[PDB]
Amino acid sequence: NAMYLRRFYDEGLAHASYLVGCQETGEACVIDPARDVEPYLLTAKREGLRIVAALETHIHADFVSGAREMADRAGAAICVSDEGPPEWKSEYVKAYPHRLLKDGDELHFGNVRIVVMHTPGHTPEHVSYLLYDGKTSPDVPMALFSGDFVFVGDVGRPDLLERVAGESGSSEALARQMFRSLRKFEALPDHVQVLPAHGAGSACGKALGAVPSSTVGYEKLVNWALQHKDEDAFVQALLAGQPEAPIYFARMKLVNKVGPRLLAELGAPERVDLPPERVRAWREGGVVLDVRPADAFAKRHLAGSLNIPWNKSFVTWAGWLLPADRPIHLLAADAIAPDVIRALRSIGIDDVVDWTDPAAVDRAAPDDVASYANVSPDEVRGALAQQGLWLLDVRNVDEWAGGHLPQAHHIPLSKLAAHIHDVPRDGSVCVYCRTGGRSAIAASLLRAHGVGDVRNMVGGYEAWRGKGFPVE
Amino acid sequence: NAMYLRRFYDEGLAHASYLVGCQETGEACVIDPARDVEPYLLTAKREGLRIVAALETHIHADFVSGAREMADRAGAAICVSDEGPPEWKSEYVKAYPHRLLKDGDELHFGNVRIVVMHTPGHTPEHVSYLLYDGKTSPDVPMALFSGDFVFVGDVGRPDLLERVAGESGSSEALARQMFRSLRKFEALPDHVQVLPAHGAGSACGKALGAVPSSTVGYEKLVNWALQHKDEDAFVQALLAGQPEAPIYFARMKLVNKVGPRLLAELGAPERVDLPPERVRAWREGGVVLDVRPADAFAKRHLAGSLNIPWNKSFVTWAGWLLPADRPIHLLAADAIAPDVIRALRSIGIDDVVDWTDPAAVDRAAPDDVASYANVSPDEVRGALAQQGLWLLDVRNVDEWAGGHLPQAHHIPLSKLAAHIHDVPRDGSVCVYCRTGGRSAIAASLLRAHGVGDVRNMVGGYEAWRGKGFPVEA
Ligand SMILES: [Zn+2]
Ligand SMILES: [Zn+2]
């Protein structure tokens, strides 16, 4: 069928994007491109395609859209919904070849025929793209690029506008539009593929699938959202139990609405040599991010630096904990710095001034460096009897309810920066989570606030429960 | 739904394999694994899965199955059809934990429920795997791992056994079974996903899709094989216009049936220093394979070596052109050598003794080195008026039929090895294809036969036709 389709996935943001093309003519497009557009351009070249447009399903709350980046670097047409109210219009696209899409509009790239379906719910302007193969079967639909409207096993959350943008009563209103939009979904043929914009682990929904795609037919049978017949009842279900809204989501709606800065305009973070001499002025010059494993970070790190270890969770916590309005100095191994930078850029932390291998902490000065203690539950249990410790549980509200350490204080890591003043600087603070990931990060925050004595409980609540130690 | 599914794809072989798992319990399996199982084990580890089984949809003709590899390296159960006749039985699996599957059998990996469907057509034993999610919807099917039974916009060819294995009359036989098996397929709900073992570009079908999956409902509507209501007409249609059967498919059907050798048993090819002195012993010690771009190869290469440039087509031509009964010396840049070896291993070129960077060609001795000329169409056209050249066209038959250069000789590269003797050693041989890829490979093959004066036409037939030069029908 000379039709090309490919799915690109960002494991960190849980974000799916697509490159769709006609192999006969080569015309192609990208649906919800990441900011870093290189994988698309590179794949298109190899596959003999040319990206002529970039389609956004919605104004994204969790990552910077690569629509403009494609507009610029491949000369493509910026194709975005014009179905939102005046306050959710993308007027910047007018400085480019562009399309302001309405319900029923069609986009043609060779034999690729795409039809626009206005599907409000996640957002007011949200649209999904229905795909047909014009060569073989022009009136038979093949796939729906469902955006954050319908997921595998879930539908998009309607409450982001109320939480980050401050729009009163919009969660209810959008929840209702989600219910109406779902009726348009079930009117599609069962065979149609469902290709969403996010997957397992995204904050844009409550229980997404670790299976990359589904079908209109399957979702009608199994998706919780599609079993509801009372709208009132559905609103109820939809608003309950959604994850916390990361604070940086407000920034993304703005950036993606107004037009992100072009990666060429920021330029390359330079690789600096950092001898012990230069360290303090580097520490004083901005926020120091150290992406080493916590184990190593805990023994020796630059005082006041922040540890978000390089792994699947990086971009989540970068998002929760790093500011956009401050220059970042990065400690990162040469092999991975470029990836880390990309990840920062993917969620709009643009101002990374320079970076260097974290071996620079080795020969650094005594008044430039710091440490925290990795401790075992056995140690924590001894300090328990005479109440030597001020215990901090940084797990989620729900994990805390099932049981915590005795006399433990609860601040989840997502909220720690706000309530950090509540932690006593002169006390012996001992911090834990389920297994040791979040705590490690929390520990770096605590030190940077000024809490001198900080311990991290290796193995966490599970290691403690595991040892038969008592819980309240 | 705490269910994990991931598609791995070999662009070279156009082969799709899948990792399926239960995220509650961790239990996972792999469907039609490649021989290099490292990507599956790596992904499983990152995702908190443990691979417990390896499923084969059929005895594969185009690559080496990694079932055994997975059996050895993860302690997995080898799970294979027992529905074939006595001569297509994988009796080696009995030495491992294993399941000899029949139609209607089920494999349970945590909440992952898979049901075996016998679906002969591509092969007699072929089975597809139907997947249900036992956490959410135990009686609602979700996906069909169709193997080489139903592709996106096509179905498997039924003629490999007749072509590669000498099984008279079996194409027609299996063609008919394909038609029967297709009625089971269309009995499935429209919503069920179709996830095949191959994609666009495979020799295992006529016209497979560049879209990586479909649905029972979409294929019933648009797939050509599912429009035929008459069995006789379907056999006809199915058998016509199927691509060439690469000769190495015979070897794969054997290897996968009797059980392939373990990558650990072969070991790792040594990286070797090749100073100019060691070049002659290395040339006489086996088949030298040089994977540089043709351009570079053409200026200086080790006499008698073969050029298969490293790109998407490598494995296709390796399979057509290289023997598995001779040791292979490889010239490959350090950055890519391991990938090239992996590629070779995927199609059963196992005896790769050692390798070195192709800079070893630079300071080589004159009696160890050769070249061929890259020539323009303008040059070829001047040598035409006096018939100085012996033109060789290496394109497929259908391209030839569209038009070729005047007085040209037709031997497709796939067949060039057999009919090489029909090419004259003292003639000025000038070789071409559509664009110049295939012709470059041919040129090295020619020089290795002993054709002294060999030229390659840069840009091929298209550049020639482009300049308005004369053609013949
Ligand atoms: Zn979203
Ligand atoms: Zn096959």
# chains A, B, ... in the order shown; residues from 1 in each chain; ligands from 1
call {"tool": "interface_residues", "arguments": {"of": "chain A", "to": "chain B", "cutoff": "8 Å", "atoms": "only C-alpha atoms", "output": "count of residues only"}}
result
26
call {"tool": "residues_around", "arguments": {"residues": "region 270-282 of chain A", "least_positions_apart": "3", "cutoff": "9 Å", "atoms": "only C-alpha atoms", "output": "ChimeraX atom specification"}}
result
/A:285-288,302,329,334,353-357,360-365,367-368
call {"tool": "write_last_selection", "arguments": {"atoms": "N, CA and C atoms", "output": "PDB file, in the first residue's frame"}}
result
ATOM      1  N   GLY A 285      27.305  30.672  40.366  1.00  0.00           N
ATOM      2  CA  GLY A 285      26.808  31.202  39.092  1.00  0.00           C
ATOM      3  C   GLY A 285      25.411  30.759  38.678  1.00  0.00           C
ATOM      4  N   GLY A 286      24.884  29.724  39.340  1.00  0.00           N
ATOM      5  CA  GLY A 286      23.550  29.191  39.046  1.00  0.00           C
ATOM      6  C   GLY A 286      23.228  27.866  39.736  1.00  0.00           C
ATOM      7  N   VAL A 287      22.247  27.149  39.212  1.00  0.00           N
ATOM      8  CA  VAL A 287      21.850  25.886  39.799  1.00  0.00           C
ATOM      9  C   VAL A 287      22.704  24.750  39.259  1.00  0.00           C
ATOM     10  N   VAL A 288      23.302  23.984  40.156  1.00  0.00           N
ATOM     11  CA  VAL A 288      24.158  22.885  39.753  1.00  0.00           C
ATOM     12  C   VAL A 288      23.393  21.555  39.767  1.00  0.00           C
ATOM     13  N   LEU A 302      29.078  18.740  44.966  1.00  0.00           N
ATOM     14  CA  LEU A 302      29.292  20.170  45.176  1.00  0.00           C
ATOM     15  C   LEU A 302      28.193  20.673  46.076  1.00  0.00           C
ATOM     16  N   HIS A 329      23.940  24.628  35.622  1.00  0.00           N
ATOM     17  CA  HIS A 329      25.254  24.067  35.383  1.00  0.00           C
ATOM     18  C   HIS A 329      25.128  22.562  35.568  1.00  0.00           C
ATOM     19  N   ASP A 334      30.618  12.372  29.907  1.00  0.00           N
ATOM     20  CA  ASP A 334      30.674  12.822  28.523  1.00  0.00           C
ATOM     21  C   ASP A 334      29.766  11.983  27.631  1.00  0.00           C
ATOM     22  N   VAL A 353      23.981  26.533  30.725  1.00  0.00           N
ATOM     23  CA  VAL A 353      25.105  27.347  30.255  1.00  0.00           C
ATOM     24  C   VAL A 353      26.317  26.490  29.858  1.00  0.00           C
ATOM     25  N   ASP A 354      26.652  25.497  30.674  1.00  0.00           N
ATOM     26  CA  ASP A 354      27.778  24.618  30.359  1.00  0.00           C
ATOM     27  C   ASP A 354      27.740  23.319  31.151  1.00  0.00           C
ATOM     28  N   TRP A 355      28.631  22.392  30.820  1.00  0.00           N
ATOM     29  CA  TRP A 355      28.683  21.115  31.522  1.00  0.00           C
ATOM     30  C   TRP A 355      30.101  20.557  31.614  1.00  0.00           C
ATOM     31  N   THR A 356      30.297  19.590  32.510  1.00  0.00           N
ATOM     32  CA  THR A 356      31.590  18.923  32.659  1.00  0.00           C
ATOM     33  C   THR A 356      31.438  17.588  33.376  1.00  0.00           C
ATOM     34  N   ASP A 357      32.344  16.644  33.102  1.00  0.00           N
ATOM     35  CA  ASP A 357      32.328  15.318  33.733  1.00  0.00           C
ATOM     36  C   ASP A 357      32.346  15.521  35.233  1.00  0.00           C
ATOM     37  N   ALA A 360      35.156  16.229  38.247  1.00  0.00           N
ATOM     38  CA  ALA A 360      35.470  17.554  38.765  1.00  0.00           C
ATOM     39  C   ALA A 360      35.177  17.711  40.257  1.00  0.00           C
ATOM     40  N   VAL A 361      34.343  16.847  40.835  1.00  0.00           N
ATOM     41  CA  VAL A 361      34.105  16.906  42.282  1.00  0.00           C
ATOM     42  C   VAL A 361      35.252  16.298  43.085  1.00  0.00           C
ATOM     43  N   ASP A 362      36.031  15.417  42.464  1.00  0.00           N
ATOM     44  CA  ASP A 362      37.090  14.702  43.178  1.00  0.00           C
ATOM     45  C   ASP A 362      38.069  15.656  43.836  1.00  0.00           C
ATOM     46  N   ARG A 363      38.720  16.488  43.033  1.00  0.00           N
ATOM     47  CA  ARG A 363      39.777  17.349  43.543  1.00  0.00           C
ATOM     48  C   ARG A 363      39.261  18.714  44.004  1.00  0.00           C
ATOM     49  N   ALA A 364      37.950  18.841  44.196  1.00  0.00           N
ATOM     50  CA  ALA A 364      37.341  20.109  44.615  1.00  0.00           C
ATOM     51  C   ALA A 364      37.641  20.471  46.073  1.00  0.00           C
ATOM     52  N   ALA A 365      37.394  21.737  46.408  1.00  0.00           N
ATOM     53  CA  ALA A 365      37.788  22.305  47.702  1.00  0.00           C
ATOM     54  C   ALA A 365      36.836  21.878  48.830  1.00  0.00           C
ATOM     55  N   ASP A 367      35.432  23.599  51.260  1.00  0.00           N
ATOM     56  CA  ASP A 367      34.278  24.506  51.385  1.00  0.00           C
ATOM     57  C   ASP A 367      33.409  24.576  50.114  1.00  0.00           C
ATOM     58  N   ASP A 368      33.769  23.810  49.082  1.00  0.00           N
ATOM     59  CA  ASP A 368      32.931  23.659  47.885  1.00  0.00           C
ATOM     60  C   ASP A 368      32.115  22.360  47.894  1.00  0.00           C
TER      61      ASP A 368
END
call {"tool": "residues_near_ligand", "arguments": {"ligand": "ligand 2", "cutoff": "12 Å", "atoms": "only C-alpha atoms and all ligand atoms", "output": "count of residues only"}}
result
50
call {"tool": "residues_near_ligand", "arguments": {"ligand": "ligand 1", "cutoff": "6 Å", "atoms": "only C-alpha atoms and all ligand atoms", "output": "PyMOL selection string"}}
result
chain A and resi 60-61+148+204
call {"tool": "residues_around", "arguments": {"residues": "residue 195 (chain A)", "least_positions_apart": "4", "cutoff": "8 Å", "atoms": "only C-alpha atoms", "output": "VMD selection string"}}
result
chain A and resid 143 to 147 151 212 to 214
call {"tool": "residues_around", "arguments": {"residues": "residue 388 (chain B)", "least_positions_apart": "3", "cutoff": "9 Å", "atoms": "only C-alpha atoms", "output": "PyMOL selection string"}}
result
chain B and resi 382-385+427-428
call {"tool": "write_last_selection", "arguments": {"atoms": "N, CA and C atoms", "output": "CSV table (one decimal), in the first residue's frame"}}
result
chain,number,residue,atom,x,y,z
B,382,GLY,N,30.2,6.0,-26.3
B,382,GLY,CA,31.2,6.2,-27.3
B,382,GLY,C,31.8,4.8,-27.6
B,383,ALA,N,32.0,4.0,-26.6
B,383,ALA,CA,32.4,2.6,-26.8
B,383,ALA,C,31.4,1.7,-27.5
B,384,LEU,N,30.2,2.3,-27.8
B,384,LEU,CA,29.1,1.6,-28.3
B,384,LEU,C,29.1,1.6,-29.8
B,385,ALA,N,29.4,2.7,-30.4
B,385,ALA,CA,29.4,2.8,-31.8
B,385,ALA,C,30.4,1.8,-32.5
B,427,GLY,N,37.1,-10.0,-22.5
B,427,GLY,CA,36.3,-8.9,-23.0
B,427,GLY,C,36.4,-7.7,-22.1
B,428,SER,N,35.9,-6.6,-22.6
B,428,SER,CA,35.8,-5.4,-21.8
B,428,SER,C,34.3,-5.4,-21.2
call {"tool": "select_by_dssp", "arguments": {"residues": "region 64-188 of chain A", "states": "strand (DSSP E)", "output": "MDAnalysis selection string"}}
result
chainID A and resid 77:81 98:101 106:109 112:118 127:133 137:147
call {"tool": "decode", "arguments": {"residues": "region 194-229 of chain A", "atoms": "N, CA and C atoms", "output": "short mmCIF file (atom, residue, chain, number, x, y, z; two decimals), in the first residue's frame"}}
result
data_model
loop_
_atom_site.label_atom_id
_atom_site.label_comp_id
_atom_site.auth_asym_id
_atom_site.auth_seq_id
_atom_site.Cartn_x
_atom_site.Cartn_y
_atom_site.Cartn_z
N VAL A 194 -6.20 2.64 17.04
CA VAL A 194 -6.15 3.77 17.95
C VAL A 194 -4.70 4.02 18.37
N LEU A 195 -4.23 5.23 18.05
CA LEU A 195 -2.83 5.60 18.14
C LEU A 195 -2.70 6.86 18.99
N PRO A 196 -2.48 6.70 20.30
CA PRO A 196 -2.55 7.86 21.17
C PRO A 196 -1.24 8.58 21.27
N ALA A 197 -1.27 9.70 21.98
CA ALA A 197 -0.14 10.60 22.13
C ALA A 197 0.67 10.32 23.39
N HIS A 198 0.15 9.47 24.28
CA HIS A 198 0.86 9.11 25.49
C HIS A 198 0.59 7.66 25.85
N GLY A 199 1.45 7.11 26.71
CA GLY A 199 1.29 5.76 27.23
C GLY A 199 1.57 5.59 28.73
N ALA A 200 1.66 4.34 29.15
CA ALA A 200 1.89 3.99 30.54
C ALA A 200 2.81 4.98 31.25
N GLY A 201 2.30 5.63 32.31
CA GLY A 201 3.13 6.40 33.22
C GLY A 201 3.03 7.91 33.06
N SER A 202 2.22 8.36 32.11
CA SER A 202 2.04 9.79 31.86
C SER A 202 1.13 10.41 32.92
N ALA A 203 1.39 11.67 33.27
CA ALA A 203 0.52 12.41 34.20
C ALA A 203 -0.72 12.97 33.49
N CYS A 204 -0.77 12.86 32.16
CA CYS A 204 -1.95 13.28 31.38
C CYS A 204 -3.20 12.33 31.51
N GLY A 205 -3.09 11.26 32.30
CA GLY A 205 -4.21 10.32 32.53
C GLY A 205 -4.00 9.44 33.76
N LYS A 206 -4.99 8.62 34.10
CA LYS A 206 -4.94 7.90 35.38
C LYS A 206 -4.44 6.45 35.34
N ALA A 207 -4.63 5.74 34.23
CA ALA A 207 -4.16 4.34 34.12
C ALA A 207 -3.96 3.88 32.65
N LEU A 208 -2.94 4.43 31.99
CA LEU A 208 -2.66 4.16 30.57
C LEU A 208 -1.96 2.82 30.40
N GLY A 209 -2.06 2.28 29.19
CA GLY A 209 -1.54 0.95 28.89
C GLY A 209 -0.08 0.90 28.50
N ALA A 210 0.58 -0.20 28.90
CA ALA A 210 1.93 -0.54 28.46
C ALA A 210 1.92 -1.26 27.09
N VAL A 211 0.77 -1.18 26.41
CA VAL A 211 0.59 -1.69 25.05
C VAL A 211 0.44 -0.48 24.13
N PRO A 212 1.28 -0.40 23.09
CA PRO A 212 1.41 0.85 22.35
C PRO A 212 0.15 1.32 21.61
N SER A 213 -0.73 0.40 21.24
CA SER A 213 -1.96 0.76 20.50
C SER A 213 -3.13 -0.19 20.75
N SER A 214 -4.34 0.30 20.47
CA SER A 214 -5.56 -0.52 20.51
C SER A 214 -6.44 -0.33 19.26
N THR A 215 -7.75 -0.46 19.42
CA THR A 215 -8.67 -0.35 18.30
C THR A 215 -10.01 0.09 18.85
N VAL A 216 -10.76 0.82 18.04
CA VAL A 216 -12.06 1.35 18.44
C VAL A 216 -12.93 0.26 19.00
N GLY A 217 -12.90 -0.90 18.36
CA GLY A 217 -13.66 -2.05 18.83
C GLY A 217 -13.24 -2.54 20.20
N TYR A 218 -11.94 -2.64 20.45
CA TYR A 218 -11.46 -3.17 21.71
C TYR A 218 -11.76 -2.20 22.85
N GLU A 219 -11.53 -0.93 22.59
CA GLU A 219 -11.75 0.07 23.62
C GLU A 219 -13.22 0.15 23.98
N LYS A 220 -14.09 0.01 22.99
CA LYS A 220 -15.52 -0.01 23.27
C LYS A 220 -15.86 -1.14 24.24
N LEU A 221 -15.18 -2.27 24.11
CA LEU A 221 -15.48 -3.38 25.01
C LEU A 221 -14.82 -3.20 26.37
N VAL A 222 -13.58 -2.70 26.43
CA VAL A 222 -12.77 -2.78 27.67
C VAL A 222 -12.45 -1.48 28.40
N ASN A 223 -12.45 -0.35 27.69
CA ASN A 223 -12.05 0.94 28.26
C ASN A 223 -13.10 1.44 29.25
N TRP A 224 -12.69 1.77 30.47
CA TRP A 224 -13.65 2.11 31.53
C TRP A 224 -14.56 3.27 31.13
N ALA A 225 -13.99 4.22 30.40
CA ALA A 225 -14.68 5.47 30.05
C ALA A 225 -15.83 5.22 29.12
N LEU A 226 -15.74 4.17 28.31
CA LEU A 226 -16.75 3.88 27.30
C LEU A 226 -17.91 3.02 27.79
N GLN A 227 -17.91 2.65 29.07
CA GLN A 227 -18.99 1.84 29.64
C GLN A 227 -20.04 2.72 30.32
N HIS A 228 -19.73 4.00 30.48
CA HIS A 228 -20.62 4.95 31.14
C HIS A 228 -21.74 5.42 30.21
N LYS A 229 -22.96 5.45 30.73
CA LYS A 229 -24.08 5.99 29.99
C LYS A 229 -24.68 7.25 30.65
#
